[PDB]
């Protein structure tokens, strides 16, 4: 179980803290050990929410856990090598620009995030775990939206988002073992592929700010979360 964390402990702008044990995020949950399963059961997780595409899920199906229900809704539309991403990385159509463009599309009219928000609107559905492949991009924006609902600042959303780079560092070392010819590529260049960067999340924020005058307007327009409903959720989920 990789890139795994509880969103609890994050501070909100009104001074409270997110309760522990309600909202988790991770990378994919294929080939879980019996002990990984014990962990998730001990956390009393009720739903695992999966952002991956049909083909991603077919190639890496999630391990079955008794008493935990899996919900998968692709957060991106579905119609090369990591090596292909590396050499064109910063070109006009390269991987940095393409990943940036994906973040531009993620926050608006997203059927996956709409279902995620519907789930977390009712305390009886919690705890939940949300994940994608690496737990950094689709999971990054989905977890950011949960934190927006809870009232966490953009600065602290960014801090949680960038925590994915610890896993990225491990994944970079694993990749260089697979392809030693890239052993001298700057590691922070490989981090644009295997990890995350402030510009990606800033692009998601930029899309929100172009469409809506405030985060509150965004949550109301996209998820029908009016102010009193946000107040109620914060009173339930913050301490």
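Positions refer to the first chain, counted from 1.
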*Please work out which of 126 to 134 and 88 to 96 has the higher mean CA B-factor as recorded in the PDB entry.*
88 to 96
*Select between 68 to 76 and 140 to 148 the stretch whose C-alpha atoms have the higher average B-factor in the entry.*
68 to 76
*Top Cα B factor in the deposited entry, candidates 198, 50, 209, 177*: 177
*According to the deposited entry, which of 204, 45, 27, 185 has the largest Cα B-factor?*
185
*Would the CA B-factor of residue 82 place it in the lowest, middle or highest third of its chain?*
highest
*For residue 112, the third of its chain into which the C-alpha B factor falls*: lowest
*Could you say whether, by C-alpha temperature factor, residue 238 belongs to the lowest, middle or highest third of its chain?*
lowest
